[PDB]
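Following this are structure 1 and structure 2, which are two forms of one protein chain, each written alone as C-alpha cells.
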Structure 1
C-alpha cells in the first residue's frame, strides 16, 4: 500500500486522478427533442456565412442530444454532442449541474463545444452537497456589467479564495470545437505551497458543480431579425464535460469506495475517520488530527492507557504540558488504576511489582483493617498500611508485642498487657 513505505512508517497517500464527470447523470434545464424543433449549423469553409439545418426529436436515437452526451466516451472522430433548444438568450440562462456525491479536490473543469462558445458563462461549485452554491469562475467580455466582477482582477493572498472573471475563451471565432478550460490553481500565490495552504485546499474542494450559460453570440447584430431560420442557429452545445480531480481524503487514504449505504467514502488509513479522513478514529486522540503533507504523514496515534481503558479523549492543556507529545486522557480507568494514562494504582491499592503495569492484576488491594489501620492508602512498594499506635501487621490486623485489642473502635490494641 502507498500509505506506508517498506519499513513501513506511514506516508501521505492520495487516491488516483480521475474524470469525476465521466459516466454520471447530469441534470440540465434545456434539451432538444420535446417538441422536435429545427436547429441550424452555421459554418464557413471559404468566406462569409453558410447554413445547414436539421431536425432534433428525442424519440429517435439518431437525431437526439440527451444530457448523457456530456459525460460519455468522447471519441474526437465522432463527437457525441449535447445541445439545447433554442434561443435562450437573456436573462434566460441554461444550467448544467452534476452531483459528485463526495468532496473532491477539483484540479480543472473543461468543456468542449459543438456550437460556438457563449459570450458569458459561469461556473458554480458547492461544498455542502447542493444546498448552497458559490462562484468558481466567470467568463464574459463585460464582467463588471454581467456578473458584477472586476475584469480580470488580480489575485493576491487576500482575494485568493475569490472567483475571478476573464474575457478569454469567450470569442466565437472557433465556432466549432471551442474549448473552455478552468484551472483552479491558475495564478494563485499559494499554489506552489499547496500542502501548507488551507485557503487553497478549501478552494479546490467541491461537492457539486454547476455550469451556467448566460448570454449567447451573434454575427455583428444579425439576429434581432426573428427569422425561423436565423434564431434556429443560435444555441448552446457541448461535446464533452470533464471535472479533473481526486477524492478529498487529506492524504490519509489511497482510494475511495462505496460502503453499505452506497455512498462514496474514502477508505481511511493512518488511524483516521470520517468521510474525508477528517477525524481520528476512536482511542487515537493522543495528538490533534491534521492533514497529511508530503513531509509528514501526521497519522493519528493511539491513546496510551496501559491496557486499562477503551475510551479516551484529547486534552489541550495536558498536551502542552507534555511538550506537545501526548494529550490523550484515558476515561474510566478500570483494573483499579489511576492517572491520565492508567500508569499507577489508585488510592487503597498497591502495585504488585511481579506484574508489568499493563497486566490485568497489576494492582493489588491494600485491605487495610477498618479498625487497625489509620487509613486506606498504603505503601506502593511494600503495601504496609498506616498502622495506628499499638497496631502491627501488613494490613494492621493484629496487636504489637505487649498489647491487647480493646472494645474501643478508635482505640484498638492500645490496652497494654498489664500483669494480671
Structure 2
C-alpha cells in the first residue's frame, strides 16, 4: 500500500521512517589516540581510593585502536566500541566531532554515550547550509556564562524559540563510564504542542550537519602537579555511540528518501511536488501556491488547466484571490493556434471548429482570408465567414458577387 495516497487514491500526508541519521556514517574528528601509540589510564573508584588501570591506544593494531568509526557502528552493550581522543586536551583546546549529511533532516534528538567521564563543557551546533555556516543548537556547562556567554537554564519564551539553551543537567563527572548526554530539540519549546503548524520550530529541528565540540575536561585536581605524567594520561574524551535521530525533511510530501544521480540523498517526492526537500511544485503544477502537508490537509500541487494546448504555465495571485483562493494559473504560449488563460478559445484570425472538441489539436481552423479581397484578418468564430469588402462574397473572400466585375484597384476589388 502507498502511504502518500488513500484507499480511493486521494492524496494524504506521508513522512519518511524515523531513523538514526548518524548510524554507519563517517565522522570527522579533530583528535584520536594511537598516532603514535600512547598510554591511556582508566580510573576506577574504590570509595575514597582512586585505583588506576592503564592501557595502550594503538591505531596500527585493530585490537588496541579507537577510530571515529566506533562512534556510529553497531552499539553492542557486551562488546563496547568507542572512539578515544588524545590524552589531556584541556581548555582552551577542544576536541571537535563533525557529522555530515547531504540532506535536510528534522532532528528530534542528539545523544552521546560515553566510555570516559562526560565533559564539563560540551556544545552542539547545526548547519542549515551544507556545512558552510554553523548555528548553535544546545550548550552544556557547569559555568554557562563564563564558557559559552549564555545564561544557565534560560526560560524558553514564544519570542526566541530558536534559542540555544545552556544547562548543567548532564555535566556531572560521575558516572566515570557509561554516562549519557541526550538533547531533545523540541523539549522546553512552547509551540511544540502544535509542531505540525509551527514554521518557527519546523525550521529549528531542520539540519544538514551536526557538530559536537567538547571544551572542558573533568579533573580530580592532580592535573597541575609535578608528577602529572600518570594523572594527565587518565583524562580524555571517549564516545561509545553517537545518535542523531529524526526524519528526512520532505515537508510531508514524500514517504521515503532515495539516493540521487549525484549520489546524494533526496526525497522521493509525491503530491506533484519537486526539489530535494519537496519544497516546490513540479513544473506546470502552479495552479495554487505551494504549502507543507499537515495531518488535517495534504497540500498537493495542482496542474494548470490548458485543455491539452500548453506544456508551460505561470501563476497570478490577484487572479487566485478572484477565484476565491481556488485557482490562479495562467497557460504560457498556447500551441495548436489557441489563446486565453486556459487556451479555451481560438487565436485572433482562427475560427472554432464546432465538430471537434476544444481539447483536440484540430479545434481551430484558419480563416484563410484573402489579402486583397477581405478587409479584416479576423473572421466569424461560429460560421467561419470573413469580413469581405464591398462587392466581395465567399468564406475566404476570393469571389466577386453576381453583378460585380473584378477591377485592377487594390482598395475596391469588385
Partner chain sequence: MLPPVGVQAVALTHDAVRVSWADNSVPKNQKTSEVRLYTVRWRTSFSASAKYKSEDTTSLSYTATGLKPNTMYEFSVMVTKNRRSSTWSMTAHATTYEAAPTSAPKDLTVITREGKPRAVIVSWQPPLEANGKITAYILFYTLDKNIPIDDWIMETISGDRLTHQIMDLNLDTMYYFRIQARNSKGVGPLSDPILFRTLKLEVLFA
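Rigid core here is just the name for the largest C-alpha set that superposes within 1.5 Å across the two forms. Numbering follows the first chain given and starts at 1.
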Query raised in the report: Since only one of the two is the form solved in complex with its partner chain, can you say which one?
Result: 1
Query raised in the report: For the rigid movement of one part against another between the two structures, which of 327, 268, 234, 210 sits at the hinge?
Result: 327
Query raised in the report: Across the change between the two structures, how many whole degrees of rotation does the smaller rigid part show against the larger?
Result: 9
Report summary line: Rigid core fixed, the Cα of residue 401 shifts between the two structures, in Å, by 8.5
Report task. Give the C-alpha shift of residue 382 between the two structures, in Å, after superposing the two forms on their rigid core. Result -> 4.2
**Report entry** Cα shift between the two structures at residue 134, which is computed once both forms share a superposed rigid core (Å)
**Finding:** 0.5
